[PDB]
Amino acid sequence: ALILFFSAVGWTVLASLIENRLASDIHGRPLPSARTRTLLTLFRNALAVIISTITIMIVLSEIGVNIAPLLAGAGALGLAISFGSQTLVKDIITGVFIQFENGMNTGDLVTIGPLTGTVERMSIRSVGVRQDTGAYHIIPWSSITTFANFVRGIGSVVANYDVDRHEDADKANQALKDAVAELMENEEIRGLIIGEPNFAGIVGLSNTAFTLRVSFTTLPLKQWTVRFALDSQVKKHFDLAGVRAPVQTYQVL
Amino acid sequence: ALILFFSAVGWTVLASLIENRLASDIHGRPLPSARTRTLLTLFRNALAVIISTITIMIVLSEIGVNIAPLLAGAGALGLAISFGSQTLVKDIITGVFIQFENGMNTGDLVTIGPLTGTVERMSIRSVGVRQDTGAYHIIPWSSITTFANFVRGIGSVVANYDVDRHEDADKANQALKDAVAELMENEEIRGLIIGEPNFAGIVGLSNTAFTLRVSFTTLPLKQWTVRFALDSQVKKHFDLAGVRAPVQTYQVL
Amino acid sequence: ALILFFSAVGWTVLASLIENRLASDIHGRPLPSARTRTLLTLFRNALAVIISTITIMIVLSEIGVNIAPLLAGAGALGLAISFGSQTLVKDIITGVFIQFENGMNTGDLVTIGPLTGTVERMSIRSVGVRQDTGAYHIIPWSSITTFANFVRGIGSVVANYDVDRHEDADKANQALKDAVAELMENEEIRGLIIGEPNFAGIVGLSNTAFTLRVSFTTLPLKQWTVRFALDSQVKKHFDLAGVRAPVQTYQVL
Amino acid sequence: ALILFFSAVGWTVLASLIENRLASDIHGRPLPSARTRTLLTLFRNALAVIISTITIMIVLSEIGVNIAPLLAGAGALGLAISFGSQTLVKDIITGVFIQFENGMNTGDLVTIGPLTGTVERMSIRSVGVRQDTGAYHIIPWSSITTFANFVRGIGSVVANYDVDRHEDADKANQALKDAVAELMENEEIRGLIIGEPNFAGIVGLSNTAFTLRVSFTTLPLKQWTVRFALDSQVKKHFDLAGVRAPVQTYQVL
Amino acid sequence: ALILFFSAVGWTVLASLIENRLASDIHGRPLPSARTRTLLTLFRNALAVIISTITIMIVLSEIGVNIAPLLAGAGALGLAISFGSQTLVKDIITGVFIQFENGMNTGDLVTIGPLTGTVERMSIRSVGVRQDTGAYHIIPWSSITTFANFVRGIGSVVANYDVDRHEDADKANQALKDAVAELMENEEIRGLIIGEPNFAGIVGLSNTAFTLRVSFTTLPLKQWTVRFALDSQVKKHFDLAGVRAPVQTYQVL
Amino acid sequence: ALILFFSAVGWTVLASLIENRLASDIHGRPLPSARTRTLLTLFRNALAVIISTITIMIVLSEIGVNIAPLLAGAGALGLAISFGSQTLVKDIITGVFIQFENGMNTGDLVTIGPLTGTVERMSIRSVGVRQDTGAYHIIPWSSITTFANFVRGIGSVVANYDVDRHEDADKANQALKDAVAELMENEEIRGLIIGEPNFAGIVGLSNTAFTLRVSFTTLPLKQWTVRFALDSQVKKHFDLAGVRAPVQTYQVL
Amino acid sequence: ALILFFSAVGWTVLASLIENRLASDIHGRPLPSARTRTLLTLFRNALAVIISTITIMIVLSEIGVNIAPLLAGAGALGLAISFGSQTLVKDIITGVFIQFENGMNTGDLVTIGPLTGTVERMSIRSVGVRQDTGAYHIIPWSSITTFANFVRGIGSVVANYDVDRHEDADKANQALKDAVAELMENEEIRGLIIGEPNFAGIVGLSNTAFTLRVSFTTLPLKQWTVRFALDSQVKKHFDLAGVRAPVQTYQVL
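Residues numbered from 1 in each chain as written, not as in the entry; some residues may be left out. Chains lettered and ligands numbered in written order. Heavy atoms only, no water. Residues with missing side-chain atoms left out of burial classes, pairs and counts.

cryo-EM is the method the PDB entry lists for this structure, together with a resolution of 3.15 Å.

Here it is in C-alpha cells:
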C-alpha cells in the first residue's frame, strides 16, 4: 500500500546515493580536480529533496484535501527549472550539430569571434581553445554562432603595398614583380605556393599613396610564412629600386 | 498485457540500436570525419533512456498511484528540450525559405554581414563560405538576416576621385574624361562595360579638395577589374595633366 | 473501422505526394532555379513522417495504454515548431501591413538601415533591393523596422559651405548669392527647382571657419543633380571672388 | 444536422468573400495604390483555408476518432500566429497611449531617435515623418520608445563661444555683451525673444581656449533663427573688437 | 433564457457606449487635444466587437457543436493581446514603484540616460522632461532603468586644471590656492559653499601636462555657478602668476 | 448563500479600504513625500475593481451560462500582469541574494557599470548611490549584473610612467627609485603602505617612449592618496634628474 | 477534519519560524555581516503569507463556491515568480557545469570579459575576483559566457618591435638576435623559458616602419617577467646598434 510504496522510495533514494558514490569515483579522477566534496554534497541534498517531495506527494494524495497548493508550487519550481535550462540544451544541440558537419576537429586553427587559436578539447557543453599567449579559453557551443576553420580546403594570401603617389606606377610595379620573382626561385617557399602569382596592379588611390596587389594560393596554414617572406623581399627590392613610402604633404600660408 | 507491451518496447529499442548501426554506416562516410564513436554512444544512451522512461511509465500506469510526479518531471524536461530547440528549427525554416526564392546558389559571391566570399556548400542548418584568405566559414541560417548577392542581375562601378580645391574644375574634369576615353578604346575592357560612362562632375566640396564622379555599368563580377584599370588610367592621366592631389594647408601665428 | 481510417490516411498521403508533384511543376519554373530535387525530397520525407505519425496515433488510440508518452513528445515537437516559426509569421504580417499603407512600391528609391537602393521585387517574406554597386540585397520584412522613401511627396536640398573665420561675411555671402543666381538663370535646373532659394546666412561658428546655409525644394529624386550643380557653381564663384577655404592655424613657442 | 451546419459554413464563406469585395472597393481608393489584386488573393486564400479547416473540424468531430492530431496542429499554428503578432498589438497600444497624452500632433517638429522632422500623418501602426531632405519615414509605434516635441511649451537657446586662452576675459566678455546688445535693439528678433539674456561668463577652460555662455528663451520653433542671428553678430563684433579664435601652440625641441 | 441573456448583452453594450460618451466628455478636455473623434470610433468598434463575440459565443454554446474552433481563435487573440501588453504594465509598475521611493518629484533636475532636464509632469505610463533647448521629452517608465536626481541631498564640485609639465608644482599650486582664496572672500559664493576647499595637489601626470585638483561641497543645484566662478578666477590668477597652459612639443630629424 | 457570500466580499472590500487608510498613514511619513493622494486613489480603484470582479464572477457562476468569456478575459489580464512583473521579482531576488553574500554594505565605495560612488541606502527593489558630483542614483537590483567593492580586502596601486626612448633606462629607473625612496621615508604615507615597493623596470616600448612600473599594496580606500603623492614625488625627482618626457619626432622631405 | 488540517498548518508554520531561527544562527556568522534582522523579517513575512494562503485555500475548498478567482491569482503569482527566477537557476546550473570541467579553481589568474584577476572564492551563484587595484568583483555565473585561464597548460610570449623603414633589415634583425642572446645566457630567465626562441623576421610593413617578431614558450604565469626583461634588453641593444625608432615624415609644398 502507501507504506510499501514509501519503502520503495527509500530504497531508490539509497540507490541514488550509492549512484552518487559511483559518481564520486568518477569525480575522483585527477583530471576533474580533487575538491569533489562540494559536488557530492549537492547531489546528496538533491536526492534528499527529491525523496522528501515524493513522500510528501504520497502523503497528500492519501490525505484527500488535494495536492493543489503543493502541486502548484512544484509545477512553478519545475517551470523555473525548465526556463533556466534553455542555454544548456542549446549548447548540447549546437555541439552535436557542429560535430555532425565536421565543423571542428582537435588541433586545427579556428577563429570564434575575437579569438584565434587551436582547438584542444571539446566537452558536451563547451570547447577548449589555446591562444597564442598560452591562455586556455572555454567557449560554450551556444555562445558560438559563426566560426572559421583554416585547415579545411586551401590557403591563400592577398598582399597590398602602399606606394607614394608622386612616383610612377611602372617602376614600382616592376620592382614588386622582381621581388615576387626572387621569392619564386626560392625552393621551399615555391614548394609552399601552388601555382603562379596573380598581379593586379593599382587597386586603389589615396590622397598621398596608391596601392599594388599581388595574390597567391598556398598550402593550408602556410599563408603567414609566405606573407612574411614576401614582405621582407618587397622591402628589400623597394629599397633597391628607390621606391619611396607614402609621405605627408602640406603647404604654408 | 503489460508484459506484452513491455516486450514490444524492448523489440523497438533493439530496432533503434540497429537503426543506430545504420547511422554508424552513414556516419562512417569519410566526409563526416572518422571519430563517430562518440556520436554512436550518445545515440545508444538516448535510446536506453527512452526505453527506460517508457518502461517506467508503463509500470507507473499499472501501479495506480498516479504518474503525476514523474509525468511532471518528464513534461518539464520536454519543455526545456522544446525551449532549447528554437534556434535549430529557425535555421531549418530560414534555409528552406532562402532556397525557395533562389537567394543563394553554389559558387556565387555573397556578403553575409562582415564576411564576403563564395558559397561552397549549404547544409540543412548552415552554409559554408570560402573567404579570400582561405578560411572556411560555417554560418547558420538563423544567424543570417540580410545578405547580398553579386551574380544576380548586373554590376556597376561608381568612382570618386579627390582633386585639391586650389586648381580649376575644367582642367581636372577634362583630364578625367581623357582617362576614361583611353579606357574605352581598350578592347576587352570595353567588352566588359555595357553602354557609356556617366560623368557627374563635382559631387562634393571639402575643406581642401573637391571630388569628381564617373559611373559605369558592367557585367556581373567584372566591376573590380574595370575599377582597377580605371584607377591606373586616372593616375596616369592626372600625372600627365599636372593635376595635384589634395594637400594640407596651414598658417603661422 | 480502424483499418478503414488507416486506408484513408494512405489515400491522403498519396494525394499529398501528388500535390508535391504539382509543387515540383511549380518549382520547375526557371525563375526558382532548377535544383528542386532537394526540396521535393524534404516534402516527401515530411509527408511520410506525417503519415507514420497518424498511423502510430491511431494504433495507440486503439491500444488502450494511453498515447501520453508519444502524445507528449508530439506536443513538445509542435511547441518547438511554433517557437521557431515566430520570425516567419512576423515577416508575413509586417509585409502585409507595409503594402497596406503604400509604404513601398517597385522601382522607388528607399533606405533600409545602412542600405540605399531601388526596390526590385517583394516576396511574401522579404524584399529585393538593388544597390548602386549592382549587389542584390534580400531583406526580410521583420528585419525592417524603419525605412525612408524618396519618391513620396517632394525633395529638398540643404547646402552648407564652410568659409574660414578670417574673411568677412558680407563678401562670402554675396559670392554665394551670386553663385545661386547663376544657377537660377539656367533653364533645366530652374525647371527642377520649385520656388525660390532660402538664404540663412551664418548658421555656425568653428575655431577656424564659419558656415553658410542655402536651401531649396525640388522635384522628387532630383535633389542630387541640383546639389552637384550648386557645388560646382559655388566653387567657381568662390574662386572668382577670392573666398578662402578654412585653413589650420598655429603659433610657435 | 452536420449537413445543415456545413451549409452555414459555406454561406458564411461567401459572405466573407463578399466582404472581401467590399474591402476591394476600400482598397480601390487611389491613396492605397492600385495593385490591390495581390491583397485580395491573400484574403480569398485565407477565407478558403478557414472554410476548409471548419469543414474538416466538423467532419472529424462527427468521425469519433478524436480531432487530437489535427486539433494539436491547429493549436500549434494558432500559437505561432499569436507569437508572431506581438509587435503589431504593441504598435497599436503604444500609438493609442501616445495620442491619449497628446504627445504628438500633425505638423509639429519631433525627434524620434536619430531622425528630426515634421509629422505628416499617423496610421494605426506607424507614423509618417518628413525629413528636411524630402525623405518620408515610416516609424511604427513600438519602435518608438522616446521622442521629443519642439512645439510644446517654450523654446530656448544656449550659445557657447570659444575664445583663445591668451586673451583676457573682460574684453571678450564685453565684446559678447555688445554683440547681444546690437541683437536686442533689432525689432523682430527682440519680438522673438521673451525676456532678457542670461550671461554666464566663462563656463569652461581648455588647453588652448575658454568658452563664454549666453542663454535666451524665445518662442517655440524660433530658437534657430535667433541662434543664427546671434552667431552672425558675435562673429562681427569679435572681428571688430580684435578677439582671436583659439589657436594651436607648440614648441620646437 | 438565451434570448433574455442576449438582451442583457445588448443593454450592457449601450451602457458601454454611454460610458464612451462619458469618456468623450473626459477626452473633451482642452488639455488632451480636440481630435478625440478617432479615439471614440475605436472605442465604439471595440464595444461592437465585444458584443458580437459575446452573442456568437452564446449562439455557439446553444448550438451543441462545440465552440472549439472559435474558442481557440478567441484564446489565440487573447494570448496575442496579453503578449503585446507586457510593456504597458511594465511602465505602470515601474512608475508606481518609483513614486513609492520618492525617486522623482515635479520640477527637480534629473538625468535619464543621455537626457538632462527638469521634470514637468508624470503620467501613469510616462514622465515629461523639459530640456534646456525647450524640447519636451516623453519617457515611459519601463524605458527608465537608471536615473540620477540632483536635488536630493547635497551638491559638490571636483575641479581639475591641467598645467604643462615644464613648470614647477609649487608655483602653480600656490596660484590655484590664491585663486580659491579670492573666491572664498566673495560673500554670496561663500554662502553657496559649505565648509572649506579640499586641495589634492597633483592628481595625474601626462606626457605634456600635470593636473591639479580642488574639490568643494555646496548647496544643491548650486555647483555649476561655483564651478564657473572658480574657472574664471583660476584663469585670472594663472594669467597673473605666469602659469602656462599645456603645450605640444616635437623635435626635427 | 450567494447573497451571504456577496456580503462577505463587501465586508472584505471595506477592510481593504481601511487597510488602505493604514497604508495612507504609512505613506504619510515625511520621508516618502506628501503627495500620497494619487497612490491612495489607485489603491481604492484597484480594490473596487477586485470587488466588482468577484461579484461578477459570483453572479456568472450562479447564472449557469459558463464564465468562459469573462474567465478567459480575466486569465488574459492575469497573464499580462504576470508577464509585466518579471523585472520586479527579478530585482527582489537579486537584492536578497546580494545581501546574502555580504556583497554590499552602506557607506562603502562601489562601482556599478559606469558609476562610482558610496552606497547610501538599499531598498527592496533598488539601491541608492551618491556620486562625487552630489547626484543621487537609483539602481534596481536586476539592472545590476556585475559590481566591484573597494572596502573588501586590501588596496593596491600600479603606477606606470612614460619616459622617452632617447634617454637611458638606468638613469630614469634610478630617478624613479629615488622618488619612491623619498616617499617611503615620509611617515604617514609609509603608514598607509603595507610592505615594500615592487619595481618592475621597463614594461613596454613605444615608438617614442618607454614605460616604467612600480606597484604597492596599501590600506583599503587609501590607494588614491598614495598615488597622488607618488605622482608629485615622481614629477619632482624627474625634474631634478633631468629626465625628459616623451617628445614627438619627424623629418623634413 | 478541516480544523485538524488547519492545526497542522499552524504547527508547520511554527516549525518554519523555528527553522528561521536556525537560519538566524547561520546568518549570525560574522562572515555574512551582522544586520541579518532585515532578512529574518522577510522570512517571517513569507512564512506568514504562506500560512495565510494555505488557510484561505482550505477555507475556500470547504466553502463550495470554487477557488477559481483566488486560485487563478495564486497561479499568476507563481507564474511571475517562475519567470523572475530564470537568472538564478541559470547561475546555479552554469556554475555547476563550470566546476564539473575544472574550468576555474581558487587563486588562478582568469579573464572574464574586461576584467583580469585572481579567483578568491566561488559561491553557488557568483564568483569573487580580486583585481590588481584591490577591487573585489562579484560575477554571477550566468553573466559569464566566455573566460580564459592562465594556469592551465603552458605560457608563451609573442613580441613585436617596430623599426623605422629607412634602415636595413639585416642590421636590425641581428641586433634583435643579439638582444635575445644576452637574455638566453641569463640563468633564471633561461630557467623560465622552455626551449629556444623562434625568430620570424619581418612580419609587417607600415608607411613609416617595419616590425620584427620573436616568440617564446615559458612557464605558466611567467610570460610577463620574460616579456619585460626582453623589452629592456631589446631597448639596450637597439641603442647600442644605432637602430632608430619609427619617425614621421612630411614634405613642404
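Here the narrative resumes.
Visitor: Describe in detail helix α4 (residues 86-100) of chain E, supporting the description with residues and values.
Guide: Every α-helix winds through 3.6 residues per turn, so residues three or four apart in the chain are directed the same way. Given a rise of 1.5 Å per residue, 15 residues ought to cover 21 Å, and the 21 Å separating the end C-alpha atoms of α4 of chain E matches this to within 8%. Among the residues trailing α4 of chain E, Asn102 of chain E stands out with phi positive, at a value near 55 degrees. (Helix = DSSP H or I, 4+ residues; strand = E, 2+ residues; numbered from the N terminus. Expected span 1.5 Å × (residues − 1).)

Visitor: Pulling in residues and values, what's your account of the relation of the copies chain B and chain C?
Guide: Under the fitted operation, chain B is carried onto chain C by 0.0 Å of movement along the axis and a turn of 51 degrees, and the coordinates agree to an RMSD of 0.0 Å. Little of the interface of chain B is mirrored in chain C: 18% of its interface residues are interface residues there too. (Least-squares fit on C-alpha atoms. Contact = heavy atoms within 4.5 Å.)

Visitor: Give a description of the environment of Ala179 of chain F that names residues and reports values.
Guide: Position of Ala179 of chain F relative to the elements: it lies in helix α5 (residues 169-185). Along the primary structure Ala179 of chain F and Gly117 of chain F are separated by 62 residues, whereas in three dimensions their C-alpha atoms are 31 Å apart.

Visitor: Quick one: what's the story with the relation of the copies chain D and chain E, residue by residue and with numbers?
Guide: For the match of chain D to chain E, the screw axis carries a shift of 0.0 Å, the RMSD comes to 0.1 Å, and the turn is 51 degrees. Taken together, the interface assignments show that only 18% of the residues at the interface of chain D recur at the interface of chain E, consistent with different surfaces on the two copies.

Visitor: Go over the packing of helix α5 (residues 169-185) of chain E against helix α7 (residues 223-241) of chain E with me, naming the residues and quoting the values.
Guide: All names here are of chain E. Taken N-terminus to C-terminus, the directions of α5 and α7 make an angle of 135 degrees; their axes are 8 Å apart at the nearest point. Considering the angle they form, α5 stands oblique to α7. For the pair α5 and α7, the sense of crossing is right-handed. For the pair formed by α5 and α7, the contact residues are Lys171, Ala172, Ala175, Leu176, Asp178, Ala179, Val180, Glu182 and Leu183 on the first element and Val226, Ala229, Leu230, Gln233, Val234, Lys236, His237, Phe238 and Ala241 on the second. Residues belonging to the contact of α5 with α7 are distributed by class as follows: 12 nonpolar, 2 polar and 4 charged. (Axes fitted to C-alpha atoms, helices over the stretch in contact; angles between N-to-C directions. Parallel < 35°, antiparallel > 145°, perpendicular 65-115°, else oblique. Left-handed = near helix turned anticlockwise from the far one by under 90°. Nonpolar A, V, L, I, M, F, W, Y, C, P; charged D, E, K, R; others polar.)

Visitor: Mind laying out the interface of chain D and chain E, listing which residues take part and the relevant values?
Guide: The interface is formed by 44 residues belonging to chain D together with 45 residues belonging to chain E. For the side of chain D that touches chain E, the secondary structure elements donating two or more residues are α3 (68-84), α4 (86-100), β5 (147-149), β6 (155-164), β7 (198-205), β8 (209-218) and β9 (248-252) of chain D. Residue contributions to the side of chain D that touches chain E peak at 8 residues, all from α4 of chain D. Residue composition of the side of chain D that touches chain E, by class: 20 nonpolar, 17 polar and 7 charged.

Visitor: Account for the side chain of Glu167 of chain E, with residues named and values stated.
Guide: In this fold, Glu167 of chain E is placed in the loop between β6 (155-164) and α5. At 2.9 Å, the side chain of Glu167 of chain E forms a polar contact with the backbone nitrogen of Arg244 of chain E. Contact partners of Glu167 of chain E, with chain neighbours within four places excluded, come to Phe210, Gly242, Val243 and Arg244 of chain E together with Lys235 and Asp239 of chain F. (Polar contact = N/O pair within 3.5 Å; in protein donor to acceptor, adjacent residues only side chain to side chain.)

Visitor: How would you sum up the pattern of salt bridges? Please name residues and give values.
Guide: Pairs can form between side chains of opposite charge once their charged atoms are near each other. Put simply, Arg125 of chain F and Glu101 of chain E hold a salt bridge, and the shortest N to O gap is 3.3 Å. Of this pair, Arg125 of chain F sits in the loop between β2 (115-122) and β3 (126-131) while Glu101 of chain E is found in the loop between α4 and β1 (109-112), placing the two residues in two different chains. The closest approach of N and O atoms between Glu120 of chain E and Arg130 of chain E, which form a salt bridge, is 2.7 Å. Highlighted residues: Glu120 of chain E in strand β2 (residues 115-122) and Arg130 of chain E in strand β3 (residues 126-131), separated in sequence by 10 residues. Salt bridges here are not isolated pairs; linked through shared partners, they connect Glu120, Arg121 and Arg130 of chain A. (Salt bridge = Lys/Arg side-chain N within 4 Å of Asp/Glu carboxyl O.)

Visitor: Requested: an account of the interface of chain B and chain C, with residues and values cited.
Guide: In this complex, chain B contributes 44 residues to the contact, which on the side of chain C involves 46 residues. Elements with a contribution of two residues or more to the side of chain B that touches chain C: α3 (68-84), α4 (86-100), β5 (147-149), β6 (155-164), β7 (198-205), β8 (209-218) and β9 (248-252) of chain B. For the side of chain B that touches chain C, the leading source of residues is α4 of chain B, giving 8 residues. With 3 bridges connecting them, β9 of chain B and strand β9 (residues 248-252) of chain C associate as parallel partners. Paired with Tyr250 of chain B across the two strands is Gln248 of chain C, which belongs to β9 of chain C. (Pairing = 2+ DSSP bridges.)

Visitor: Tell me about the sheet that holds strand β8 (residues 209-218) of chain F, and name the residues and values.
Guide: Residues and elements named next belong to chain F. Strand order in this open sheet of 3 strands is β6-β8-β7, and the pairing throughout is antiparallel. One side of each edge strand has no neighbouring strand; the edge strands of this open sheet are β6 (155-164) and β7 (198-205). Strand-to-strand, the axes of this sheet are offset by a mean angle of 25 degrees, without reference to chain direction. Direction of pairing for β6 relative to β8: antiparallel, over a ladder of 10 bridges. Its bridge partner being in β8, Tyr161 is matched across the sheet by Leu212. Contacts from α5 reach β6, β7 and β8, with the element oriented near 25 degrees to β8.

Visitor: Break down the domain arrangement of chain A for me, with residues and values.
Guide: By domain assignment, chain A separates into domain 1 (2-84), domain 2 (103-149) and domain 3 (155-241). Computed from C-alpha atoms alone, the centre-to-centre distance between domain 1 of chain A and domain 3 of chain A is 67 Å. (Domains from an automatic or database assignment.)

Visitor: Run through the sheet that holds β7 of chain B, naming residues and quoting values.
Guide: Backbone-to-backbone hydrogen bonds join strands into a sheet, with any given pair of strands oriented parallel or antiparallel. All names here are of chain B. As summarised here, the arrangement of the 3 strands in space is β6-β8-β7, forming an open sheet in which the pairing is antiparallel. Every interior strand has two partners, whereas the edge strands, β6 and β7, have only one. In this sheet, neighbouring strand axes are inclined to one another by 25 degrees on average, regardless of whether the strands run parallel or antiparallel. With respect to the sheet, helix α7 (residues 223-241) is in contact with β6 and β8, its orientation differing from that of β6 by roughly 25 degrees.

Visitor: Now, about the pairing of β3 of chain E: what can you tell me, with residues and values included?
Guide: Residue and element names in this part refer to chain E. As defined by bridge partners, β2 adjoins β3 across 5 bridges and the pair is classed as antiparallel. By the bridge assignment, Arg121 is partnered in β3 with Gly128. Connecting the antiparallel pair β2 and β3 is a turn made up of 3 residues. Relative to strand β4 (residues 136-140), β3 runs antiparallel, the two being bridged by 5 bridges.

Visitor: Now, about the environment of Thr118 of chain G: what can you tell me, with residues and values included?
Guide: All names here are of chain G. With respect to the helices and strands, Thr118 occurs in strand β2 (residues 115-122). Between the alpha carbons of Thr118 and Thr106 there is a distance of 7.7 Å; along the sequence they are 12 residues apart. Excluding its chain neighbours within four sequence positions, the residues that come into contact with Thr118 are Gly107, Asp108, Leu109, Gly128, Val129 and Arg130.

Visitor: Any chance you could break down the arrangement of the chains for me, citing the residues and the numbers?
Guide: No interface is formed between chain B and chain E, the nearest pair of C-alpha atoms being 15 Å apart. With no contact formed, the shortest span from any C-alpha in chain C to any C-alpha in chain G equals 15 Å.

Visitor: How would you summarise the packing of aromatic side chains if you had to cite specific residues and measurements?
Guide: Seen from their ring centres, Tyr250 of chain B and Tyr250 of chain C are 4.8 Å apart, and the 70 degrees between their planes marks the pair as edge-to-face. On the criterion of chain membership, the pair formed by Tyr250 of chain B in strand β9 and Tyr250 of chain C in strand β9 is interchain, its members lying in two chains. Here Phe83 of chain D and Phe83 of chain E contribute two aromatic rings whose centre-to-centre distance is 5.0 Å and whose plane-to-plane angle is 35 degrees, an arrangement assigned as tilted. Of this pair, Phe83 of chain D sits in helix α3 while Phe83 of chain E sits in helix α3 (residues 68-84), placing the two residues on different chains. Feature note: the residues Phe83 of chain A, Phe83 of chain B, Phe83 of chain C, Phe83 of chain D, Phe83 of chain E, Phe83 of chain F together with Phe83 of chain G constitute an aromatic cluster, connected by ring pairs. For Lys177 of chain A, the ring lying beneath its charged end belongs to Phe199 of chain A, and the centroid distance is 4.8 Å. (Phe/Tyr/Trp six-rings, centres within 6.5 Å; stacked < 30°, edge-to-face > 60°. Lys NZ or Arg CZ within 6 Å of the ring centre and 35° of its normal.)

Visitor: Please set out the pairing of strand β2 (residues 115-122) of chain A residue by residue, giving values where relevant.
Guide: A regular strand places its side chains so that they alternate between the two faces of the sheet. For strand β1 (residues 109-112) of chain A and β2 of chain A, the ladder comprises 4 bridges, and the chain directions are antiparallel. Bridge pairing links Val110 of chain A to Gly117 of chain A in β2 of chain A.

Visitor: Lay out the packing of helix α3 (residues 68-84) of chain C against α3 of chain D with the relevant residues and their values.
Guide: The interhelical angle for the contact between α3 of chain C and α3 of chain D, taken along N-to-C directions, is 30 degrees, at an axis separation of 8 Å. Viewed along their axes, α3 of chain C and α3 of chain D adopt a mutual orientation that is roughly parallel. Here α3 of chain C and α3 of chain D pass one another in a crossing that is right-handed. On the side of α3 of chain C, the interface is formed by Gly78, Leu79, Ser82 and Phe83 of chain C, while α3 of chain D contributes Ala76, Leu79, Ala80 and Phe83 of chain D. Partitioned by chemical class, the residues of the contact of α3 of chain C with α3 of chain D number 6 nonpolar, 2 polar and no charged.

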